[PDB]
Amino acid sequence: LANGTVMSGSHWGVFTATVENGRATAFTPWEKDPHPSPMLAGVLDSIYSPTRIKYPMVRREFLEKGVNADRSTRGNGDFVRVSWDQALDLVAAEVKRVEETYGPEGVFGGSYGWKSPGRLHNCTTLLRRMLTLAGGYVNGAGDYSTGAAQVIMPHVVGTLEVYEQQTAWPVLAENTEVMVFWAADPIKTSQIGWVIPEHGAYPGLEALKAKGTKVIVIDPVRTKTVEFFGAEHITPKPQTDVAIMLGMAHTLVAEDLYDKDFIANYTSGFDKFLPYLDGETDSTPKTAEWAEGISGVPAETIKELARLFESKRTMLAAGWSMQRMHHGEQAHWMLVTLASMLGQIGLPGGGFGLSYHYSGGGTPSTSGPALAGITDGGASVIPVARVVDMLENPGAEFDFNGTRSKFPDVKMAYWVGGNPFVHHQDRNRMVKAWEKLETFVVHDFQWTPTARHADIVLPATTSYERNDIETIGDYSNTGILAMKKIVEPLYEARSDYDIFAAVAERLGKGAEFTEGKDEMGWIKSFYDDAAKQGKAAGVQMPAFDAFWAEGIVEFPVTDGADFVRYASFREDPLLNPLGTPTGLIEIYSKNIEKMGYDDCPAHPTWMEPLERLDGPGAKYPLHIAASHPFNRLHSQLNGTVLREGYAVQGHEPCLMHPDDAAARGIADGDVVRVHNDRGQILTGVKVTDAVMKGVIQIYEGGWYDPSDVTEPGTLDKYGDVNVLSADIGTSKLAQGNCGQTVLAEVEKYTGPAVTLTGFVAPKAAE
Ligand SMILES: NC1=NC(=O)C2=N[C@H]3C(S)=C(S)[C@@H](COP(=O)(O)OP(=O)(O)OC[C@H]4O[C@@H](n5cnc6c(=O)[nH]c(N)nc65)[C@H](O)[C@@H]4O)O[C@H]3NC2=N1
Ligand SMILES: NC1=NC(=O)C2=N[C@H]3C(S)=C(S)[C@@H](COP(=O)(O)OP(=O)(O)OC[C@H]4O[C@@H](n5cnc6c(=O)[nH]c(N)nc65)[C@H](O)[C@@H]4O)O[C@H]3NC2=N1
């Protein structure tokens with residue numbers, strides 16, 4: 001039994017593991033990590049927690065009756081343990097059956113999810129690689145993060161923008177006078193990376209602070225970002241940012257402050273937006289006063305913020321919560337319009353950036369090569385959050401970015417690396433729609449709500465039980481890490497690659513799936529390709545064994561630290577045009593105009609959302625800020641020792657303002673029921689003035705624990721906030737999710753005592 005230390009990586013960062021007698025006993029942060037995440041101790045625990053999945057299992061009803069099984073009991077925990085050969089045979093037959101009876105349109109393989117980093121052990125790509133050899137599948141398009149903004153940005157600035165490099169942090173420290181964080185909490189969200197994180201935002205934030213730059217935070221909650229800087233804190237009613245923006249815009253026009261030359265030379269359509277802004281088209285001048293009526297931010301503050309932004313070198317750094325909402329396309333389009341008026345786009349330290357809060361955006365990029373991994377070998381496509389509408393309406397038409405298509409008639413869904421029974425909106429509607437699927441197959445290493453609702457569950461390994469390779473730094477490209485195997489696979493878990501190879505072998509496509517390569521065979525070909533490309537560029541890299549032995553290769557920064565977004569566009573717009581039809585920033589879009597969608601007009605517009613705090617005729621009184629957890633990565637690590645540090649009487653915490661608690665007779669630590677017309681959950685309250693009055697904070701990612709899966713509307717005992725959200729599209733343009741457009745009521749829970757069952761394994765899988 002192994003004794004020693006191994007260096008690996010994860011979504012939380014690079015770390016070294018201490019191994020004693022074959023068991024991992026500690027995870028220590030990399031010595032070069034400038035700001036490790038306290039969640040690493042849950043990462044270690046997730047390998048061994050009580051919800052680790054030990055063996056392959058098949059739902060008793062599915063085993064007994066297949067397609068005639070009662071599908072309303074999915075999630076009741078009545079599983080049967082089976083051997084691997086039996087489950088592999090059954091998965092293979094099911095894939096074959098659905099592909100022959102129904103075609104590629106009967107298999108949903110979008111399998112949305114955060115999985116784990118790794119260029120070889122890429123479970124979602126491997127799933128698509130297997131399914132492509134089986135005949136095809138329906139896929140997902142977009143994501144739950146920027147569903148609206150990633151569609152609107154290309155119409156407005158000609159590129160995706162949300163996942164592109166930002167003006168380097170050092171440039172901001174030298175040049176920015178006012179830094180605005182709009183619906184962004186960089187301190188909280190920069191702990192993680194899509195590939196391994198370098199945590200580059202922390203030194204970037206430290207440098208602004210050290211320089212005395214003025215920092216403003218626009219957020220309903222007083223976050224760690226406000227506290228870190230002692231920032232001026234503006235607290236709007238959630239979903240009213242566009243109103244605020246329009247009032248600022250109005251003020252710049254009324255007081256004649258805006259940059260008319262920038263407007264004239266770098267933008268298109270302002271002259272079509274001005275009438276709206278001034279109130280000629282609807283009789284409603286969008287003044288600061290008007291904006292105060294909707295958002296509750298004082299008129300005078302709105303004009304003061306406007307005047308300050310125009311006279312100082314200002315960076316508008318915006319988060320994505322505000323577009324994860326009804327009409328969410330308007331938030332970033334109005335933000336770019338406002339930035340246009342200020343006219344600082346393309347100057348060092350000015351303009352706007354849409355990725356300073358995620359994966360190190362702004363961290364100076366190196367000049368190293370890109371690393372690539374296994375590939376998938378490749379309506380057939382749906383916007384990802386329309387999964388439930390698809391299941392309910394096979395054959396119906398839907399709009400998406402100017403086109404019309406029809407929903408495929410899906411009969412099977414195969415999910416790996418994701419938790420839709422946590423991440424998707426309107427849990428009760430979803431639980432009923434899932435009955436439309438004949439077979440539901442899932443691989444995970446933790447017994448999440450999704451695993452609990454499968455017909456067939458296959459235990460996967462973590463990254464700590466195998467070898468892989470991955471880049472460090474989604475934007476920085478700081479280096480390449482060897483993700484070395486720390487302990488052996490636990491119980492009967494197997495890597496996703498191994499399971500898929502065995503299924504492909506049973507479909508008679510084994511060789512095509514593996515390409516005749518084993519684990520190290522694949523990893524070395526990704527490395528050799530990256531070294532070959534590096535040599536071409538003049539970056540020297542060791543040979544593979546030398547690399548593997550050191551465990552990491554770092555790259556040099558040459559001019560990456562001088563990067564300024566949009567500089568060449570500002571420098572000469574004709575020579576360096578945007579990808580838009582006019583080549584300019586499009587305030588009014590003729591392209592959007594021609595689609596003629598009522599919920600997405602051709603210029604940024606204030607529109608009432610489905611439900612909003614203090615909106616006319618609103619039924620519920622509190623906005624739920626259903627934002628990202630501080631101490632989880634979505635649902636990951638919920639079933640670990642970290643839960644004990646935030647849970648209130650065992651439930652997911654609910655933050656509530658002293659006055660809202662006082663009005664309902666609630667005291668700190670009480671168990672309360674949060675409910676609206678879509679569902680009802682239990683949470684434990686923390687009374688704090690960190691949330692503005694009218695707002696409550698329930699993070700997304702809580703593990704759904706239904707009291708009874710056969711009872712429609714059954715009470716969730718843990719606190720999955722997606723039990724209360726609605727499942728609707730941002731608009732016909734993007735069809736994004738509206739996960740944070742949520743109102744509810746809260747009362748002291750006075751029903752029967754409840755026993756939590758989500759943090760232990762189903763009895764048969766013990
Ligand atoms: N109401 C609401 N508000 C929101 O802000 C919100 N945010 C959304 C966002 S932006 C997104 S990205 C989604 C994220 O939702 P997503 O389903 O991506 O969530 P995770 O909790 O990261 O689930 C990933 C699963 O993969 C499993 N897993 C990890 N590694 C492996 C592996 O190698 N193999 C296998 N088989 N499994 C693995 C993990 O154990 C975990 O259960 O939530 C969305 N949902 C949201 N809802
Ligand atoms: N620790 C951590 N856990 C995670 O799960 C996690 N998820 C990652 C993922 S996949 C992504 S996509 C990003 C998400 O990055 P994103 O910016 O979408 O994060 P949120 O936590 O949903 O919201 C950020 C802030 O917006 C505020 N806010 C909410 N509604 C409004 C509003 O109407 N107006 C204004 N002005 N502010 C509002 C919230 O209070 C919150 O502080 O984070 C990434 N980083 C993450 N870090």
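Counting starts at 1 for both ligands and their atoms, in listed order. Along the sequence shown, the residues carry numbers beginning at 1. Hydrogens, waters and symmetry mates play no part in the numbers below; they use all other heavy atoms, side chains included.
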Between ligand 1 and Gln446, is the shortest N or O to N or O distance under 3.5 Å? no
What part of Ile192, side chain from CB on, backbone N/CA/C/O, both or neither, has a heavy atom under 4.0 Å from ligand 2? side chain
Consider ligand 1: state whether an atom of it lies below 4.0 angstrom from any non-hydrogen atom of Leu633. yes
Less than 4.5 Å apart, any side-chain heavy atom of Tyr464 and any of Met483? no
Please state which part of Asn631 comes within less than 4.0 Å of ligand 2, counting heavy atoms only: side chain, backbone, both or neither. neither
Any chance the rings of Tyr414 and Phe500 have centres within less than 6.0 Å? yes
For ligand 2, is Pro220 a contact, meaning one of its heavy atoms is under 4.0 Å away? yes
For the residue pair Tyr163 and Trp320, categorise the inter-ring angle as parallel (less than 30°), tilted (30 to 60°) or perpendicular (more than 60°). perpendicular
Testing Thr450, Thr448, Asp720 for side-chain contact (heavy atoms from CB on, under 4.5 Å) with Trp703, which one passes? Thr448
Is the closest side-chain heavy-atom distance between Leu305 and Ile234 below 4.5 Å? yes
Any nitrogen or oxygen of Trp182, side chain or backbone, less than 3.5 Å from one on ligand 2? no
Under 6.0 Å from the OH atom of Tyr48, do we count more than 12 heavy atoms belonging to anything else shown? yes
To check your reading of the model: name the closest protein heavy atom to atom 22 (O) of ligand 1, its residue, and the distance in Å. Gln636 NE2, 2.6 Å
Check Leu354 against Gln166 and note the closest heavy-atom contact, atom names and distance. N-OE1, 3.0 Å
Decide whether the shortest distance between a heavy atom of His623 and an atom of ligand 2 is less than 4.0 Å. no
Are any of the N/O atoms in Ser145 less than 3.5 Å from those in ligand 1? no
Could you check whether any side-chain heavy atom of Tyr646 comes within less than 4.5 Å of a side-chain heavy atom of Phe630, counting everything from C-beta outward? no
Report yes if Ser190 has an N/O atom closer than 3.5 Å to an N/O atom of ligand 2; otherwise report no. no
Check: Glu232 and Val180 side chains under 4.5 Å, non-hydrogen atoms: no
Under a 4.0 Å heavy-atom limit, does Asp444 contact ligand 1 with its side chain, its backbone, both, or neither? both
Show which atoms of ligand 2 fall inside a sub-4.0 Å distance from at least one heavy-atom site of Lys188. 1 (N), 2 (C), 21 (O), 47 (N)
Out of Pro420, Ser116, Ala626, whose heavy atom sits nearest atom 4 (C) of ligand 1? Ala626
Proximity winner for atom 33 (O) of ligand 2, if only heavy atoms of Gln239, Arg324, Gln323, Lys224 are counted: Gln239
Taking distance alone, with no angle check, do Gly417 and ligand 1 share an N/O pair under 3.5 Å? yes
Side-chain contact test, heavy atoms from C-beta onward, threshold under 4.5 Å: evaluate it for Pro220 versus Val691 and give yes or no. no
What part of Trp320 sits under 4.0 Å from ligand 1 if we count only heavy atoms: the side chain, the backbone, both or neither? neither
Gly739 N/O under 3.5 Å from ligand 1 N/O: yes
Out of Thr462, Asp496, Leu126, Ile53, who is nearest to atom 32 (C) of ligand 1 when you count heavy atoms only? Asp496
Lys237 near ligand 2 by a heavy-atom separation under 4.0 Å: no
From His327, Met322, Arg612, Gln740, residue fulfilling side-chain contact (heavy atoms from CB on, under 4.5 Å) relative to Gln239: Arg612
Are any of the N or O atoms of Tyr144 closer than 3.5 Å to those of ligand 1? no
Test of understanding: given a 4.0 Å heavy-atom threshold, classify the contact between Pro629 and ligand 2 as side chain, backbone, both, or neither. both
Does only the side chain of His424 get under 4.0 Å from ligand 1, or the backbone, or both, or neither? Count heavy atoms. neither
Among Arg632, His423, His628, closest by any non-hydrogen atom to atom 6 (C) of ligand 2: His628
For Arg427, run the side-chain contact (heavy atoms from CB on, under 4.5 Å) check against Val721, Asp716, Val723 and tell me which one passes. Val723
Measure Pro238 to ligand 2 on non-hydrogen atoms and call it side chain, backbone, both or neither using the 4.0 Å cut-off. both
Quick look: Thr223 vs ligand 2, heavy-atom contacts under 4.0 Å, and the answer is side chain
May I ask you to test the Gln323-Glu329 pair for a side-chain heavy-atom distance under 4.5 Å? no
Tell me whether the centres of the aromatic rings in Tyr55 and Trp84 are closer together than 6.0 Å. no
Mind checking whether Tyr699 has a heavy atom under 4.0 Å from ligand 2? no
Please classify the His121 to ligand 1 contact at 4.0 Å (heavy-atom distances, strictly less than): side chain, backbone, both or neither. neither
Give the atoms of ligand 1, by number and element, whose distance to some non-hydrogen atom of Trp114 is under 4.0 Å. 12 (S), 18 (O), 22 (O)
Is the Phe513-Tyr497 ring centre distance short of 6.0 angstrom? yes
Hey, looking at atom 36 (N) of ligand 1, which of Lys115, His443, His11 has the closest heavy atom? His443
Heavy-atom contacts under 4.0 Å between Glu465 and ligand 1: side chain, backbone, both, or neither? neither
How are the rings of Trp415 and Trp434 set to each other: parallel, tilted or perpendicular (split at 30° and 60°)? tilted
Would you mind running through ligand 1 and noting each atom that sits below 4.0 Å from a heavy atom of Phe445? 28 (N), 29 (C), 30 (N), 31 (C), 38 (C), 40 (O)
